[PDB]
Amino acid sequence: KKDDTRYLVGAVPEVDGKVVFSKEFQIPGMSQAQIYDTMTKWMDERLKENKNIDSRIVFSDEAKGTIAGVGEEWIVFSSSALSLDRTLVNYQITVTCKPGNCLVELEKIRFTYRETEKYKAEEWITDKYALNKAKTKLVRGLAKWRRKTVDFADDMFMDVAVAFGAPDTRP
């Protein structure tokens, strides 16, 4: 019934054995300094929206146009009258600005579930664990983890596109 096309081959990229979601943005008219200033304001406001002390910009190098922040949020899987199924997620946002372009990476993703269960994205949502052998379906027990993390990354990349002037299509 569920259309899981988005979550199959290539949905969870790996770089040097680690999960890294990424998106490149082409903003050809903007200088490195203009992109860097847009991205520091965006990341500052985006992490302030998490409303916790574990969400903040922790690094910025203006000449190299690099910015990094850490974040902590709840990811909700489902909710019913009685129950609320959610996980904590901790992550790093890494932004690299160059003249006319921006790379946004979401990395170092780890989950804290029901206070004591700790899961690294690399041993949890990667193809190896979360796709069947043929890569046609999500492993049913891991599907909520892979779908909601991919949606979370897509949401972030849309947020960045909107910061660069794209119309927001989200409902």
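Note that residue numbering begins at 1 and tracks the sequence as displayed.
Of the two segments, 126-134 and 139-147, the one listed with the higher mean B-factor is 126-134 (C-alpha atoms only). Look at the mean CA B-factor for 159-167 and for 18-26 in the entry; the higher one is 159-167. Among 114, 56, 46, 120, the highest C-alpha B-factor recorded in the PDB entry belongs to 114. Comparing the C-alpha B-factors of 97, 93, 82, 75 in the entry, the top value falls on 82. Residue-level temperature factors show residue 32 in the middle third of its chain, judged at the C-alpha atom. Among all modelled residues in its chain, residue 52 ranks in the highest third by Cα B-factor. In the deposited entry, the Cα temperature factor of residue 41 places it in the middle third of its chain's modelled residues. When the modelled residues of the chain are ordered by their C-alpha B factor, residue 153 lands in the lowest third.
Per the deposited record, the Cα B-factor of residue 11 falls in the middle third when ranked against the other modelled residues of its chain.
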